[PDB]
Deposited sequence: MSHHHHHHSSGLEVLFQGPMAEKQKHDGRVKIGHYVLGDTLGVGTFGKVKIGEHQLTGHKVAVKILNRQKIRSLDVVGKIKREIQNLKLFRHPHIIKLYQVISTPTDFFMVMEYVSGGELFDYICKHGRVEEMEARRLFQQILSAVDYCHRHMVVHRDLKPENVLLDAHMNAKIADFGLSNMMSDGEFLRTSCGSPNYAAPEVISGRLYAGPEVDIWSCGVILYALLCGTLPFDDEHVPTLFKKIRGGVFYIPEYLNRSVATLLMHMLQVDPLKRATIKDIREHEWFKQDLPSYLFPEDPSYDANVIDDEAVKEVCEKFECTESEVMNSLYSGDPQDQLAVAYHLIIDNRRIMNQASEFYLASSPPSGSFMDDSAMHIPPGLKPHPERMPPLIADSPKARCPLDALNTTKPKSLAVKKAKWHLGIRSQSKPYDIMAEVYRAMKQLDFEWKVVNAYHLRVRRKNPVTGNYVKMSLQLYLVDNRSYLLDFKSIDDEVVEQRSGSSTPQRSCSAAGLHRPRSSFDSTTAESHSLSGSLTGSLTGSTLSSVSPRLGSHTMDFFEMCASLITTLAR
């Protein structure tokens, strides 16, 4: 029979977004594991050879009670065997189908466990973009287990994500529109419908016609049944908000009264049961000492108004001319300043200048965006003896000055 490192492979548990997953059983003890199989040739045929490396390096360091643990990964001349935790409960999707809906007493607990897993990912700069009841597994004691990352990705500082991925449902409006997104707010949107599916037993946005389905999602209009109380209803409307800036965050959800009730204190980092260590708790519980508040006793060093109207900061620089004219303009602007640069995109330059005083190289990233209708915006981003932040500002200043 088929043996892979003391484990006998069995029936296919299913096929994920990338790879075949089949149960394994220990030859000596009968211990069950789940083995995802990745074909090295199909990995190298695509440009995902470096994408798999990242996922392995990140899934191996994960240790959350509600995320499928990775035990080890075996390497063969043709295939990769990722041996990971097995759970016999099956999908959550099949659970919502067995029962009619889910009792809010139990639905809340499952939602608390899921969101705990999501938050852990976001704190490790990982965004799981394929959140769905089919990807939430159950064990013998009804504990949620997030799995099948595949479409997941990392989050860099000052970087947006492009890929439109995931199921047609459960997908944020920005994802189905092919727009740039931050990451975390997308997962919250999937958790919103998951909760809806958990409570209602159906989907908030559903249609046989796919173009009509996208219309409903972008519209952000869904039916809220009367058996859903006032409290939980306000939470769903917050999580499924179309405009990602108005959409709730995990901190928002954690402050919601429907979410706080019957909430175990071991699930979240700053809850009493979660926790040098003593030093951080002293510093963390001093929020007003490390972070600013938002609109008592006026701070002694508060400045009076100079009353003149306060000036408003804006993102980079703008224009109302042709996109080609702007790029043609910024190109001749780099000539007068002697800038060396590589072209990544028709609207994405990676420029670089050598500092004549320190000798160090100063590089930054340029990106032209589209605002409103007849508007454009040039974005300035920094790239990692004097001072790097000053180098970035001085380099930007010279380019802005010699640019109309």
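Several segments of the deposited sequence have no coordinates for C-alpha: 1 to 28, 304 to 345, 366 to 381, 393 to 414, 493 to 550, 571, numbered from the first residue.
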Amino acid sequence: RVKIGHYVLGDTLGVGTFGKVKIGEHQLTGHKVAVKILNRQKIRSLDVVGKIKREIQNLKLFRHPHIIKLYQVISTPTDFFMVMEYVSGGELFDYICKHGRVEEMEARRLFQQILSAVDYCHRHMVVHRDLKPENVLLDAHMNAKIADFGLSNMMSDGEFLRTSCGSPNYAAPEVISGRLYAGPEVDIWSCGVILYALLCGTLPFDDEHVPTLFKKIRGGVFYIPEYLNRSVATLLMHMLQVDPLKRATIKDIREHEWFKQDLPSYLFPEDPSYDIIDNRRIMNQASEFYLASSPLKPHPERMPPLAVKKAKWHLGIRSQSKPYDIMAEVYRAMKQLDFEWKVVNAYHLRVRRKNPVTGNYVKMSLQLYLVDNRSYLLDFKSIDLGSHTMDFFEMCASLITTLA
From here on, numbers count along this sequence of modelled residues.
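326 to 334 and 195 to 203 differ in mean CA B-factor, and the higher of the two is recorded for 326 to 334. On average the C-alpha atoms of 354 to 362 have higher B-factors than those of the other stretch, with 354 to 362 and 66 to 74 being the two compared. Ranking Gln241, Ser167, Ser273, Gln112 by Cα temperature factor from the entry places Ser273 first.
Of the residues listed, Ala346, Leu61, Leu38, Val35, the entry assigns the biggest Cα temperature factor to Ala346. Annotation for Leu263: C-alpha temperature factor in the middle third relative to the rest of the modelled chain, per the entry. Ranked by Cα temperature factor within the chain, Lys310 sits in the highest third according to the deposited record. In the deposited entry, the Cα temperature factor of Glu104 places it in the highest third of its chain's modelled residues. In the deposited entry, the Cα temperature factor of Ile277 sits in the top third of values across the chain's modelled residues. The PDB entry assigns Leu13 a C-alpha temperature factor belonging to the lowest third of its chain's modelled residues.
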